[PDB]
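Asks: The following block contains the structure, expressed as structure tokens.
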Amino acid sequence: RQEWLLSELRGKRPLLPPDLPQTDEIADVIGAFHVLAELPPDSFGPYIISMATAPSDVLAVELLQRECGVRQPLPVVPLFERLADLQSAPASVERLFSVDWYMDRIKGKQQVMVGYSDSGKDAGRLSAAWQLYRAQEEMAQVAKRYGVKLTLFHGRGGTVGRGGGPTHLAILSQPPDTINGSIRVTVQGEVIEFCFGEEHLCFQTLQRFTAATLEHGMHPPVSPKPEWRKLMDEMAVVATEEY
Amino acid sequence: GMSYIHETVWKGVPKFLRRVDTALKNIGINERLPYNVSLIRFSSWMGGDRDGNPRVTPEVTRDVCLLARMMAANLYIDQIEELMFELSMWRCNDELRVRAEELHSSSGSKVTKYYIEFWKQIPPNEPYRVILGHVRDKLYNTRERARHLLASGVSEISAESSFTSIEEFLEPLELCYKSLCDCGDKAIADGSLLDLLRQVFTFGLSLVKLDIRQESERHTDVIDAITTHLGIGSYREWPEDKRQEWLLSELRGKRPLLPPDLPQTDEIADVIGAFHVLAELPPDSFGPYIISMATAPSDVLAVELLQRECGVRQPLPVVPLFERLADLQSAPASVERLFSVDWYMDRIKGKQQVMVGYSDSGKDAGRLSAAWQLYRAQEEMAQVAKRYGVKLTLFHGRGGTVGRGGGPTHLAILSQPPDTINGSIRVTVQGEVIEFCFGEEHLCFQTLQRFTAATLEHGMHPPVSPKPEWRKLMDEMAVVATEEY
């Protein structure tokens, strides 16, 4: 997949065939790619590939996008949500930084979302929670190694079950040196009423984020002790087992 | 050249046939000639032929081919407008009765005050006037549709609101005929109705089909730039067997070759342009796509590619132009080599056509040599086809003066090898001659008469085949002639 896609991306000759048949599904996706072509570049965020698993997953949207004609190809970002993908994530991320082509189009910046909702679904809460830590822990290191301004998109839910909880507490419970510059966070419907229902609520919400986020940078939390690390890893498998 | 169509040939054709009917009955055949059959058809090169003439840009074709469609639309209206006045019968087909009633409740509008005749809604009491009227209205949008298209960029008038195909225009007409013949009144059907029906088959929706021409070395430029750019060699420097390989792989393929980032050129584009327009306009408004000075079979394929690659619904057929002496000799060669390509031979579907030029042939060699050479050439070519079971039809590039292959029509047909016409032939009416042949009433009637009478006879009573003796002397002389010239 990587081999082919990569060469195809370096080619000059078209691909998407006119006579190509189309499912009620193969259309809903190819059409969407066209709407992005029309609308202005400033009105779009990134293209997030749910259930991201391997480096090809990204390269595929990198292609489909140019093969459907797009001025400013939205940036593509992986959504490692299953425990399996989370563990492998750090690899994927490094691989993508290995492909000269990508590294050049990346321009030094890179984003990657990480789900909490489904993540805690396959594996227990404790396990998922711990895994996510390591996830962003290593990912950062990888990035850092290639000098990439990796920023993480946090798919936090409304309930503790989907990664919910007090803003500051949360941002606090994240590996030191992973936030610093930027951070993205979701506000699941119900939470919007909460976090931005009143004016005093809004002001405080803005207050919370910018504050918490500022501290985590200049006053990072403590890095777990080897002993803690080990015992965590352990309780990790035991928590999924019973799960 | 159009002036003749809507001034003498338009109302001529129908009359010519009426006589072809009277003749048939005089020989026993108590049946008119089916209106679907078309004894004579008119095509044009004005706007399509762009070989060596830069002024015929791809837009020129859109314009001329659009304007011509408006003229047809216009002509037919005068036809229908009156026809309505004639078919005032009420006794109709069980089938027409339905078709009519539906259009009655569907219209419901009658406020068309700007209509000189048949302005308020037509009662279903007059079945045919009902359907005819409908056909007329759709005809107006067809005329206006084109007007706007020509005037501005587009038209408010919808596609479905107008006639886009000949079948769409025949179904209603044909209906009336059947209805009439069925409910008795056949004679009344065989009247103005029969005439209009014939016109539609002869003239269609665009007065005349339009041929297209362009020396192949241009098609080579385009294909070569496409390969160079994509990083796969220079199509130019490719050996004929190589080109046939690549070109055939492509035709078989499914993945697009035409890169959007392709570096255009006034000419590299001027040619792509042409193809695009071919896609825009209807499939019917065109004739064949001729390739000047095209030799090897790769030359016929390179076009088969570009057509589809530049997106063409019903890609028009390709026909070579053998004119220079040399090309006429090695003519049956390239011909056979071309029937040897499975893909081609397969999409061709038996029918094949090649054009033989009469001007340059005797320019480089004698008139005698050339005259004999064109005979031999189209003689053999007729077998290289008969052997592969293909209905090859010849396009004769006959001029005005004998020096360019001209001369009396019946004599010129009679001078053609036996068994090489069989009711299928295309002949050019070079500028000046158009005046000569269709300038007046009787004049036009003679040209049509002459052509069909000759072509008919040349088939059922062929000319003699040259005795071995003659052939030898002829071949020998031809040499002396050319050596003398």
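All of the numbers you see were taken from the coordinates with simple rules; none came from a lab. As a convention, Cβ positions derive from the backbone with ideal geometry for all residues, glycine included, and neighbour counts pool all protein chains shown.
Asks: Using a ≥ b ≥ c from the Cα gyration tensor of the stretch A:1-85 (square roots of the eigenvalues), is it rounded, prolate or oblate, where a/c under 1.5 gives rounded and otherwise the larger of a/b and b/c decides, a/b for prolate?
Replies: Note, shape of the stretch A:1-85 comes out rounded.
Asks: A follow-up question, please. Let me spell out the model: positive unit charges on the Cβ of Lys and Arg, negative unit charges on the Cβ of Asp and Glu, origin at the Cα centre of the protein assembly as shown. What dipole size does that give, in debye rounded to 20?
Replies: Dipole magnitude for the protein assembly as shown comes out near 380 debye.
Asks: Ranked by Cβ crowding within 10 angstrom, fewest neighbours first, how are B:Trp10, A:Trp101 ordered?
Replies: Ranking B:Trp10, A:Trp101 by Cβ neighbours within 10 Å, fewest first, gives A:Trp101, B:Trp10.
Asks: Out of the GluC sites (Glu not before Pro) in the stretch B:131-204, which ones are loop residues according to DSSP with at most 16 other C-beta atoms within 10 Å?
Replies: Within the stretch B:131-204, the qualifying GluC sites (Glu not before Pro) (loop, at most 16 other Cβ atoms within 10 Å) are B:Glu156, B:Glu160.
Asks: For chain B, what relative contact order do you get, as a whole percent, if you take Cα pairs closer than 8 Å and at least 6 residues apart?
Replies: It comes to 14 percent, rounded to a whole number.
Asks: Between rounded, prolate and oblate, where does the stretch A:102-243 land on the alpha carbon gyration tensor, with a ≥ b ≥ c its root eigenvalues, rounded for a/c under 1.5, else prolate if a/b exceeds b/c?
Replies: In terms of gyration-tensor shape, oblate.
Asks: Counting only GluC sites (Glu not before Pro) that sit in a DSSP loop (anything but H, G, I, E, B) with at most 15 other Cβ atoms within 10 Å, what is the longest stretch of chain A containing none of them?
Replies: Answer - A:68-197.
Asks: Sorted from largest to smallest, which semi-axis lengths in Å does the alpha carbon gyration tensor of the stretch B:56-98 give for its equivalent ellipsoid, taking the root of 5 times each eigenvalue?
Replies: Value: 37, 13, 4 Å, ordered largest first.
Asks: Using the number of other C-beta atoms within 10 angstrom as an exposure proxy, rank B:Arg55, B:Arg243, B:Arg308 with the fewest first.
Replies: So the ranking, lowest neighbour count to highest, is B:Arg55, B:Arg308, B:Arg243.
Asks: List the GluC sites (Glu not before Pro) in the stretch B:224-258 that DSSP assigns to loop (not H, G, I, E or B) and whose Cβ has at most 11 other Cβ atoms within 10 Å. Which are they?
Replies: When the GluC sites (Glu not before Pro) of the stretch B:224-258 are filtered for loop state and at most 11 Cβ neighbours within 10 Å, B:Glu237 remain.
Asks: Can you compute the modelled spin-label distance between B:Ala151 and B:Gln430, with each label point 7 Å from Cα toward Cβ, in nm?
Replies: 4.2
Asks: After finding the eigenvalues of the alpha carbon gyration tensor for the stretch B:273-332, what semi-axes result from the square roots of 5 times each, listed largest first in whole Å?
Replies: Listed largest to smallest, the semi-axes of the stretch B:273-332 are 25, 11, 8 Å.
Asks: Follow-up question, since we're still on this one. In peptide B:254-260, how many Cβ atoms from other protein chains are near each Cβ within 10 Å, on average?
Replies: Mean shielding count: 4.
Asks: Among B:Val479, A:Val77, which comes first, then next, by fewest other beta-carbon atoms within 10 Å?
Replies: Fewest-to-most ranking of B:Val479, A:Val77: B:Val479, A:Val77.
Asks: Compare A:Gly157, A:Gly197, A:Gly165 in a GNM of chain A, Cα atoms joined below 10 Å, and give the one with the largest fluctuation.
Replies: A:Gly197
Asks: Mind pulling the angle between the C-alpha long axis of helix A:24-38 and the longest principal axis of chain A? Nearest 10 degrees, somewhere in 0 to 90.
Replies: 90
Asks: Which angle between 0 and 90 degrees, to the nearest 10, do you get for helix B:468-484 versus the longest principal axis of chain B when only C-alpha atoms count?
Replies: 70
Asks: Something else: Strictly over 30 Å apart at the Cα level, which of B:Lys178/B:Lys351; B:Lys209/B:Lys386; A:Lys12/A:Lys107; B:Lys349/B:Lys472; B:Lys351/B:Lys472; B:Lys113/B:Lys186 would you flag in this model?
Replies: From B:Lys178/B:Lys351; B:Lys209/B:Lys386; A:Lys12/A:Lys107; B:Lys349/B:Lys472; B:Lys351/B:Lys472; B:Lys113/B:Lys186, over 30 Å: B:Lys178/B:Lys351; B:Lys349/B:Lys472; B:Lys351/B:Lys472; B:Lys113/B:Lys186.
Asks: Based on Cα coordinates alone, diagonalise the gyration tensor for chain A, multiply each eigenvalue by 5, take square roots, and list the semi-axes in whole Å, largest first.
Replies: Those come to 33, 22, 19 Å.
Asks: Continuing with this model, one more query. Where does the protein assembly as shown land at 222 nm, in deg cm²/dmol rounded to the nearest 500, when only DSSP H runs of n ≥ 4 count, each adding -39500 (n - 2.57), divided by all residues?
Replies: That comes out to -17000 deg cm²/dmol.
Asks: Highest GNM mean-square fluctuation, chain A, Cα pairs closer than 10 Å: which of A:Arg134, A:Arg82, A:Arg145?
Replies: Most flexible of the set in this elastic network: A:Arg145.
Asks: Another question, then. For the stretch B:383-452, run through the trypsin sites (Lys or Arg not before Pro) and keep only the ones in DSSP coil with at most 13 other Cβ atoms within 10 Å of their Cβ.
Replies: B:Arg387
Asks: Below 13 Å, Cα to Cα, which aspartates and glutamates can A:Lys144 reach? Residues fewer than 8 away in the same chain don't count.
Replies: A:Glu94, A:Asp177
Asks: Wrap a convex hull around the Cα atoms of chain B, take a quarter of its surface area, and give that in square nanometres.
Replies: 26.8
Asks: Nearest 10 degrees is fine. How inclined is helix B:240-252 to the longest principal axis of chain B, computing both from alpha carbons?
Replies: Taking the Cα atoms of chain B, the angle to B:240-252 is about 30 degrees.
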